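Undergrad: Structure file entry.cif (mmCIF, N, CA and C atoms) is given on the next line.
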data_structure
loop_
_atom_site.label_atom_id
_atom_site.label_comp_id
_atom_site.auth_asym_id
_atom_site.auth_seq_id
_atom_site.Cartn_x
_atom_site.Cartn_y
_atom_site.Cartn_z
N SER M 405 0.80 -1.21 0.00
CA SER M 405 0.00 0.00 0.00
C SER M 405 0.84 1.27 0.00
N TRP M 406 2.11 1.20 0.42
CA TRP M 406 2.94 2.40 0.43
C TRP M 406 4.35 2.19 -0.12
N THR M 407 4.66 1.03 -0.71
CA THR M 407 5.92 0.84 -1.42
C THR M 407 5.64 0.37 -2.84
N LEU M 408 6.67 0.47 -3.68
CA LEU M 408 6.55 0.18 -5.11
C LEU M 408 7.75 -0.64 -5.56
N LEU M 409 7.50 -1.61 -6.43
CA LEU M 409 8.54 -2.48 -6.97
C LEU M 409 9.01 -1.94 -8.32
N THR M 410 10.32 -1.75 -8.47
CA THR M 410 10.91 -1.17 -9.68
C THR M 410 12.12 -1.99 -10.11
N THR M 411 12.59 -1.74 -11.34
CA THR M 411 13.80 -2.38 -11.82
C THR M 411 15.02 -1.85 -11.08
N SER M 412 15.99 -2.74 -10.85
CA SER M 412 17.21 -2.36 -10.15
C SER M 412 18.03 -1.36 -10.97
N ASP M 413 18.52 -0.33 -10.30
CA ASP M 413 19.31 0.73 -10.94
C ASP M 413 20.72 0.73 -10.34
N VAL M 414 21.69 0.21 -11.10
CA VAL M 414 23.04 -0.01 -10.58
C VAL M 414 23.76 1.31 -10.31
N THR M 415 23.45 2.38 -11.05
CA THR M 415 24.11 3.66 -10.80
C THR M 415 23.64 4.30 -9.50
N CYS M 416 22.60 3.76 -8.86
CA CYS M 416 21.99 4.27 -7.64
C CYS M 416 21.24 5.59 -7.85
N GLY M 417 20.95 5.94 -9.09
CA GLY M 417 20.15 7.11 -9.38
C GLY M 417 20.98 8.34 -9.66
N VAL M 418 21.09 8.72 -10.91
CA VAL M 418 21.89 9.88 -11.28
C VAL M 418 20.99 11.11 -11.28
N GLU M 419 21.56 12.25 -10.93
CA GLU M 419 20.86 13.52 -10.95
C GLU M 419 21.58 14.47 -11.90
N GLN M 420 21.15 15.73 -11.91
CA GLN M 420 21.61 16.71 -12.87
C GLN M 420 22.88 17.43 -12.39
N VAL M 421 23.53 18.14 -13.32
CA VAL M 421 24.67 19.00 -13.04
C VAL M 421 24.41 20.37 -13.66
N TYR M 422 25.03 21.40 -13.08
CA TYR M 422 24.85 22.79 -13.49
C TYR M 422 26.18 23.42 -13.87
N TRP M 423 26.17 24.22 -14.94
CA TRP M 423 27.32 24.99 -15.40
C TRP M 423 27.20 26.46 -14.99
N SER M 424 28.32 27.08 -14.61
CA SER M 424 28.38 28.51 -14.31
C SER M 424 29.57 29.16 -15.01
N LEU M 425 29.33 30.33 -15.60
CA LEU M 425 30.39 31.16 -16.20
C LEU M 425 30.19 32.61 -15.77
N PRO M 426 30.46 32.94 -14.51
CA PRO M 426 30.03 34.24 -13.98
C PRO M 426 30.72 35.46 -14.59
N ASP M 427 31.91 35.32 -15.18
CA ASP M 427 32.60 36.46 -15.78
C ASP M 427 32.32 36.63 -17.27
N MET M 428 31.50 35.78 -17.87
CA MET M 428 31.25 35.86 -19.31
C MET M 428 29.80 36.13 -19.65
N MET M 429 28.86 35.41 -19.04
CA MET M 429 27.44 35.54 -19.34
C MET M 429 26.74 36.46 -18.34
N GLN M 430 25.66 37.08 -18.78
CA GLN M 430 24.78 37.80 -17.87
C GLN M 430 23.97 36.82 -17.02
N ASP M 431 23.61 37.25 -15.82
CA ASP M 431 22.83 36.39 -14.92
C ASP M 431 21.43 36.19 -15.47
N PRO M 432 20.94 34.95 -15.55
CA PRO M 432 19.54 34.73 -15.94
C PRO M 432 18.56 35.26 -14.89
N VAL M 433 17.30 35.39 -15.33
CA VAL M 433 16.30 36.13 -14.56
C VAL M 433 16.06 35.50 -13.19
N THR M 434 15.98 36.36 -12.17
CA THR M 434 15.78 36.14 -10.74
C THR M 434 17.03 35.67 -9.98
N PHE M 435 18.15 35.38 -10.65
CA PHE M 435 19.39 35.05 -9.94
C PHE M 435 20.08 36.32 -9.44
N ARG M 436 20.62 36.27 -8.22
CA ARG M 436 21.39 37.37 -7.66
C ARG M 436 22.87 37.26 -8.02
N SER M 437 23.51 38.41 -8.22
CA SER M 437 24.96 38.46 -8.41
C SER M 437 25.67 38.25 -7.08
N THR M 438 26.70 37.41 -7.09
CA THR M 438 27.38 37.05 -5.85
C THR M 438 28.76 36.50 -6.16
N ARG M 439 29.57 36.35 -5.11
CA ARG M 439 30.87 35.70 -5.20
C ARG M 439 30.96 34.44 -4.35
N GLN M 440 29.84 33.90 -3.88
CA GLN M 440 29.82 32.64 -3.15
C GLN M 440 29.65 31.49 -4.13
N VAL M 441 30.54 30.49 -4.03
CA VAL M 441 30.60 29.44 -5.04
C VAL M 441 29.31 28.61 -5.06
N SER M 442 28.78 28.29 -3.89
CA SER M 442 27.54 27.52 -3.87
C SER M 442 26.31 28.33 -4.28
N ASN M 443 26.42 29.56 -4.78
CA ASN M 443 25.25 30.31 -5.21
C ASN M 443 25.48 31.05 -6.53
N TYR M 444 26.42 30.58 -7.36
CA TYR M 444 26.62 31.18 -8.67
C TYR M 444 25.37 31.03 -9.54
N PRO M 445 25.07 32.00 -10.39
CA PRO M 445 23.97 31.83 -11.36
C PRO M 445 24.26 30.70 -12.34
N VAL M 446 23.19 30.02 -12.77
CA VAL M 446 23.29 28.79 -13.55
C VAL M 446 23.03 29.10 -15.02
N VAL M 447 23.93 28.65 -15.89
CA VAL M 447 23.87 28.94 -17.31
C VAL M 447 23.47 27.73 -18.16
N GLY M 448 23.48 26.52 -17.61
CA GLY M 448 23.04 25.35 -18.33
C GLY M 448 22.93 24.15 -17.41
N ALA M 449 22.21 23.13 -17.88
CA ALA M 449 21.97 21.93 -17.09
C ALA M 449 21.93 20.70 -17.99
N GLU M 450 22.30 19.55 -17.43
CA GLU M 450 22.28 18.26 -18.12
C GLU M 450 22.42 17.17 -17.06
N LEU M 451 22.34 15.92 -17.50
CA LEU M 451 22.53 14.79 -16.59
C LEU M 451 24.02 14.53 -16.36
N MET M 452 24.35 14.17 -15.13
CA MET M 452 25.68 13.65 -14.84
C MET M 452 25.90 12.39 -15.69
N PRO M 453 26.96 12.32 -16.49
CA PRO M 453 27.02 11.33 -17.60
C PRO M 453 27.48 9.94 -17.18
N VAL M 454 26.63 9.25 -16.42
CA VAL M 454 26.89 7.89 -15.96
C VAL M 454 25.67 7.04 -16.30
N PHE M 455 25.88 5.89 -16.93
CA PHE M 455 24.80 5.08 -17.47
C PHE M 455 24.97 3.61 -17.12
N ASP D 171 -18.26 -40.78 -18.81
CA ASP D 171 -17.66 -39.71 -18.01
C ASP D 171 -18.23 -38.34 -18.41
N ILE D 172 -18.55 -37.53 -17.41
CA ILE D 172 -19.05 -36.17 -17.61
C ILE D 172 -17.97 -35.20 -17.15
N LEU D 173 -17.66 -34.22 -18.00
CA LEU D 173 -16.56 -33.30 -17.79
C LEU D 173 -17.10 -31.89 -17.60
N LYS D 174 -16.57 -31.18 -16.60
CA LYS D 174 -17.00 -29.82 -16.28
C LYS D 174 -15.83 -28.86 -16.44
N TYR D 175 -16.11 -27.68 -16.99
CA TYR D 175 -15.10 -26.66 -17.25
C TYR D 175 -15.56 -25.33 -16.66
N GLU D 176 -14.60 -24.45 -16.39
CA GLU D 176 -14.91 -23.15 -15.81
C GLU D 176 -13.81 -22.15 -16.16
N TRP D 177 -14.18 -20.87 -16.16
CA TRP D 177 -13.26 -19.77 -16.41
C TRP D 177 -12.63 -19.28 -15.11
N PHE D 178 -11.36 -18.89 -15.19
CA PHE D 178 -10.64 -18.31 -14.07
C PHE D 178 -9.75 -17.18 -14.57
N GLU D 179 -9.30 -16.34 -13.64
CA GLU D 179 -8.30 -15.32 -13.91
C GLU D 179 -7.02 -15.67 -13.16
N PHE D 180 -5.89 -15.63 -13.87
CA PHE D 180 -4.60 -16.05 -13.34
C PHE D 180 -3.69 -14.85 -13.16
N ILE D 181 -2.90 -14.86 -12.08
CA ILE D 181 -2.05 -13.73 -11.70
C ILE D 181 -0.61 -14.19 -11.59
N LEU D 182 0.32 -13.41 -12.18
CA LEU D 182 1.76 -13.58 -12.13
C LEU D 182 2.37 -12.64 -11.10
N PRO D 183 3.52 -12.98 -10.52
CA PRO D 183 4.22 -12.03 -9.66
C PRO D 183 5.04 -11.03 -10.47
N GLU D 184 5.25 -9.85 -9.89
CA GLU D 184 5.82 -8.73 -10.61
C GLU D 184 7.35 -8.78 -10.65
N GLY D 185 7.91 -8.23 -11.71
CA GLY D 185 9.35 -8.23 -11.91
C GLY D 185 9.68 -7.93 -13.36
N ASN D 186 10.98 -7.94 -13.65
CA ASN D 186 11.50 -7.66 -14.98
C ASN D 186 12.12 -8.94 -15.54
N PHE D 187 11.41 -9.60 -16.45
CA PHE D 187 11.75 -10.94 -16.89
C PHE D 187 11.96 -10.99 -18.40
N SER D 188 12.74 -11.97 -18.85
CA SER D 188 12.85 -12.24 -20.27
C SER D 188 11.59 -12.96 -20.76
N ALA D 189 11.49 -13.10 -22.09
CA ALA D 189 10.30 -13.69 -22.68
C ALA D 189 10.16 -15.17 -22.32
N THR D 190 11.26 -15.92 -22.33
CA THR D 190 11.19 -17.33 -21.95
C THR D 190 10.79 -17.50 -20.49
N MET D 191 11.37 -16.69 -19.60
CA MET D 191 11.02 -16.77 -18.19
C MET D 191 9.57 -16.39 -17.95
N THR D 192 9.03 -15.46 -18.74
CA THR D 192 7.62 -15.10 -18.60
C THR D 192 6.70 -16.27 -18.96
N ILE D 193 7.05 -17.01 -20.02
CA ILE D 193 6.24 -18.15 -20.44
C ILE D 193 6.26 -19.26 -19.39
N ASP D 194 7.39 -19.44 -18.70
CA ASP D 194 7.43 -20.41 -17.61
C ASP D 194 6.46 -20.02 -16.49
N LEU D 195 6.37 -18.73 -16.18
CA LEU D 195 5.47 -18.30 -15.11
C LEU D 195 4.01 -18.50 -15.48
N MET D 196 3.65 -18.34 -16.75
CA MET D 196 2.28 -18.57 -17.18
C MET D 196 1.90 -20.04 -17.07
N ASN D 197 2.81 -20.95 -17.45
CA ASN D 197 2.55 -22.37 -17.27
C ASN D 197 2.42 -22.72 -15.79
N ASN D 198 3.27 -22.14 -14.95
CA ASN D 198 3.22 -22.40 -13.51
C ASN D 198 1.90 -21.96 -12.90
N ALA D 199 1.32 -20.86 -13.40
CA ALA D 199 0.03 -20.41 -12.90
C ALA D 199 -1.08 -21.41 -13.22
N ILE D 200 -1.05 -21.99 -14.42
CA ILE D 200 -2.05 -22.99 -14.79
C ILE D 200 -1.97 -24.20 -13.87
N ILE D 201 -0.75 -24.67 -13.60
CA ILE D 201 -0.57 -25.88 -12.82
C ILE D 201 -0.99 -25.68 -11.37
N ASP D 202 -0.74 -24.50 -10.80
CA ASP D 202 -1.17 -24.23 -9.43
C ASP D 202 -2.69 -24.26 -9.28
#
Just give me the structure of the file as structure tokens.
TA:
Amino acid sequence: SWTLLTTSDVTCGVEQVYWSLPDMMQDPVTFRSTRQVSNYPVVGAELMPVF
Amino acid sequence: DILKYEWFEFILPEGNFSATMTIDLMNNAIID
């Protein structure tokens, strides 16, 4: 009633990755300008390439 | 001899199987 059976995933579940180029591109809408690494504006996204 | 027949619905257990393994499970359901 509250669990689900799925195919085994050997990679343990891959998530996305983000690219930042703070000195070249303008910040996309609603991102703040900053010098903290964990809060750079994001310029692109894709899957971490493990299959 | 008089023979009687009836309809039933058969259920397989869930998983990710090849085609040959699936056919074995269908035969096993009939036999049970």
Undergrad: Could you go through chain M and tell me which residues DSSP, when run on the backbone, assigns to strand (DSSP E), listing them as a PyMOL selection string?
TA: chain M and resi 420-423+448-451
Undergrad: Can you work out which one of D:171, D:200, D:184, D:178 has the shortest atom-to-atom distance to chain M, counting only N, CA and C atoms?
TA: D:184
Undergrad: Given the PyMOL selection byres ((chain D and resi 181) around 8) and the file above, list the residues it selects as a PyMOL selection string.
TA: chain D and resi 178-180+182-184+195-196+199-200
Undergrad: Could you write out as an MDAnalysis selection string the residues that the PyMOL selection byres ((chain M) within 8 of (chain D)) matches in the shown file?
TA: chainID M and resid 409:412
Undergrad: Which value, in Å to one decimal, gives the distance between atom N of residue 197 (chain D) and atom N of residue 173 (chain D)?
TA: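 Going from atom N of residue 197 (chain D) over to atom N of residue 173 (chain D) covers 24.4 Å.
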Undergrad: Quick check, in Å to one decimal: how far apart do atom N of residue 446 (chain M) and atom N of residue 420 (chain M) lie?
TA: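 Taking atom N of residue 446 (chain M) and atom N of residue 420 (chain M), their separation equals 14.5 Å.
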Undergrad: Could you list, as a PyMOL selection string, every residue matched by the PyMOL selection byres ((chain M and resi 421-437) around 5) in this structure?
TA: chain M and resi 419-420+438-439+446-452
Undergrad: Around all listed atoms of region 172-176 of chain D, padded 8 Å per side, what centre and edge lengths does the axis-aligned box have in Å to one decimal, as lines of an AutoDock Vina configuration file?
TA:
center_x = -16.4
center_y = -29.8
center_z = -16.9
size_x = 21.2
size_y = 31.4
size_z = 18.2
Undergrad: Identify, with DSSP run on backbone atoms, the residues in chain D assigned to alpha helix (DSSP H), and express the list as a PyMOL selection string.
TA: chain D and resi 189-201
Undergrad: If you measure from atom N of residue 202 (chain D) to atom N of residue 176 (chain D), what distance in Å do you get, rounded to one decimal?
TA: 14.9 Å
Undergrad: For region 177-201 of chain D, which lacks atoms in the input, supply N, CA, C and O atoms and format the output as an mmCIF file, keeping the file's coordinate frame.
TA:
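What landed in rebuild30.cif:
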data_model
loop_
_atom_site.group_PDB
_atom_site.id
_atom_site.type_symbol
_atom_site.label_atom_id
_atom_site.label_comp_id
_atom_site.auth_asym_id
_atom_site.auth_seq_id
_atom_site.Cartn_x
_atom_site.Cartn_y
_atom_site.Cartn_z
ATOM 1 N N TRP D 177 -14.180 -20.870 -16.160
ATOM 2 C CA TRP D 177 -13.260 -19.770 -16.410
ATOM 3 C C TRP D 177 -12.630 -19.280 -15.110
ATOM 4 O O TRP D 177 -13.285 -19.253 -14.067
ATOM 5 N N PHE D 178 -11.360 -18.890 -15.190
ATOM 6 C CA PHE D 178 -10.640 -18.310 -14.070
ATOM 7 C C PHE D 178 -9.750 -17.180 -14.570
ATOM 8 O O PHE D 178 -9.476 -17.068 -15.765
ATOM 9 N N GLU D 179 -9.300 -16.340 -13.640
ATOM 10 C CA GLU D 179 -8.300 -15.320 -13.910
ATOM 11 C C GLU D 179 -7.020 -15.670 -13.160
ATOM 12 O O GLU D 179 -7.054 -15.960 -11.963
ATOM 13 N N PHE D 180 -5.890 -15.630 -13.870
ATOM 14 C CA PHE D 180 -4.600 -16.050 -13.340
ATOM 15 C C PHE D 180 -3.690 -14.850 -13.160
ATOM 16 O O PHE D 180 -3.702 -13.920 -13.969
ATOM 17 N N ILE D 181 -2.900 -14.860 -12.080
ATOM 18 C CA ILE D 181 -2.050 -13.730 -11.700
ATOM 19 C C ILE D 181 -0.610 -14.190 -11.590
ATOM 20 O O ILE D 181 -0.323 -15.233 -10.991
ATOM 21 N N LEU D 182 0.320 -13.410 -12.180
ATOM 22 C CA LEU D 182 1.760 -13.580 -12.130
ATOM 23 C C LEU D 182 2.370 -12.640 -11.100
ATOM 24 O O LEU D 182 1.815 -11.581 -10.818
ATOM 25 N N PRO D 183 3.520 -12.980 -10.520
ATOM 26 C CA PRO D 183 4.220 -12.030 -9.660
ATOM 27 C C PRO D 183 5.040 -11.030 -10.470
ATOM 28 O O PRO D 183 5.481 -11.316 -11.586
ATOM 29 N N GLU D 184 5.250 -9.850 -9.890
ATOM 30 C CA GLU D 184 5.820 -8.730 -10.610
ATOM 31 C C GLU D 184 7.350 -8.780 -10.650
ATOM 32 O O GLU D 184 8.001 -9.296 -9.739
ATOM 33 N N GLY D 185 7.910 -8.230 -11.710
ATOM 34 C CA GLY D 185 9.350 -8.230 -11.910
ATOM 35 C C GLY D 185 9.680 -7.930 -13.360
ATOM 36 O O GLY D 185 8.804 -7.696 -14.192
ATOM 37 N N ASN D 186 10.980 -7.940 -13.650
ATOM 38 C CA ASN D 186 11.500 -7.660 -14.980
ATOM 39 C C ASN D 186 12.120 -8.940 -15.540
ATOM 40 O O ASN D 186 13.231 -9.318 -15.167
ATOM 41 N N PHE D 187 11.410 -9.600 -16.450
ATOM 42 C CA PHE D 187 11.750 -10.940 -16.890
ATOM 43 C C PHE D 187 11.960 -10.990 -18.400
ATOM 44 O O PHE D 187 11.406 -10.183 -19.155
ATOM 45 N N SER D 188 12.740 -11.970 -18.850
ATOM 46 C CA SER D 188 12.850 -12.240 -20.270
ATOM 47 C C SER D 188 11.590 -12.960 -20.760
ATOM 48 O O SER D 188 10.729 -13.375 -19.988
ATOM 49 N N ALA D 189 11.490 -13.100 -22.090
ATOM 50 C CA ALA D 189 10.300 -13.690 -22.680
ATOM 51 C C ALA D 189 10.160 -15.170 -22.320
ATOM 52 O O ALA D 189 9.048 -15.633 -22.040
ATOM 53 N N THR D 190 11.260 -15.920 -22.330
ATOM 54 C CA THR D 190 11.190 -17.330 -21.950
ATOM 55 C C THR D 190 10.790 -17.500 -20.490
ATOM 56 O O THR D 190 9.965 -18.354 -20.160
ATOM 57 N N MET D 191 11.370 -16.690 -19.600
ATOM 58 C CA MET D 191 11.020 -16.770 -18.190
ATOM 59 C C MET D 191 9.570 -16.390 -17.950
ATOM 60 O O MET D 191 8.936 -16.927 -17.036
ATOM 61 N N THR D 192 9.030 -15.460 -18.740
ATOM 62 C CA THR D 192 7.620 -15.100 -18.600
ATOM 63 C C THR D 192 6.700 -16.270 -18.960
ATOM 64 O O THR D 192 5.685 -16.493 -18.305
ATOM 65 N N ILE D 193 7.050 -17.010 -20.020
ATOM 66 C CA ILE D 193 6.240 -18.150 -20.440
ATOM 67 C C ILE D 193 6.260 -19.260 -19.390
ATOM 68 O O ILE D 193 5.256 -19.946 -19.193
ATOM 69 N N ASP D 194 7.390 -19.440 -18.700
ATOM 70 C CA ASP D 194 7.430 -20.410 -17.610
ATOM 71 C C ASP D 194 6.460 -20.020 -16.490
ATOM 72 O O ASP D 194 5.804 -20.890 -15.909
ATOM 73 N N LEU D 195 6.370 -18.730 -16.180
ATOM 74 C CA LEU D 195 5.470 -18.300 -15.110
ATOM 75 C C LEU D 195 4.010 -18.500 -15.480
ATOM 76 O O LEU D 195 3.195 -18.793 -14.598
ATOM 77 N N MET D 196 3.650 -18.340 -16.750
ATOM 78 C CA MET D 196 2.280 -18.570 -17.180
ATOM 79 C C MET D 196 1.900 -20.040 -17.070
ATOM 80 O O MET D 196 0.783 -20.369 -16.650
ATOM 81 N N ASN D 197 2.810 -20.950 -17.450
ATOM 82 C CA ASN D 197 2.550 -22.370 -17.270
ATOM 83 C C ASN D 197 2.420 -22.720 -15.790
ATOM 84 O O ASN D 197 1.540 -23.500 -15.401
ATOM 85 N N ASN D 198 3.270 -22.140 -14.950
ATOM 86 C CA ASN D 198 3.220 -22.400 -13.510
ATOM 87 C C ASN D 198 1.900 -21.960 -12.900
ATOM 88 O O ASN D 198 1.407 -22.597 -11.969
ATOM 89 N N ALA D 199 1.320 -20.860 -13.400
ATOM 90 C CA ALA D 199 0.030 -20.410 -12.900
ATOM 91 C C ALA D 199 -1.080 -21.410 -13.220
ATOM 92 O O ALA D 199 -1.968 -21.645 -12.396
ATOM 93 N N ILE D 200 -1.050 -21.990 -14.420
ATOM 94 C CA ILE D 200 -2.050 -22.990 -14.790
ATOM 95 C C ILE D 200 -1.970 -24.200 -13.870
ATOM 96 O O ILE D 200 -2.990 -24.708 -13.397
ATOM 97 N N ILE D 201 -0.750 -24.670 -13.600
ATOM 98 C CA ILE D 201 -0.570 -25.880 -12.820
ATOM 99 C C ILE D 201 -0.990 -25.680 -11.370
ATOM 100 O O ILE D 201 -1.567 -26.584 -10.753
#
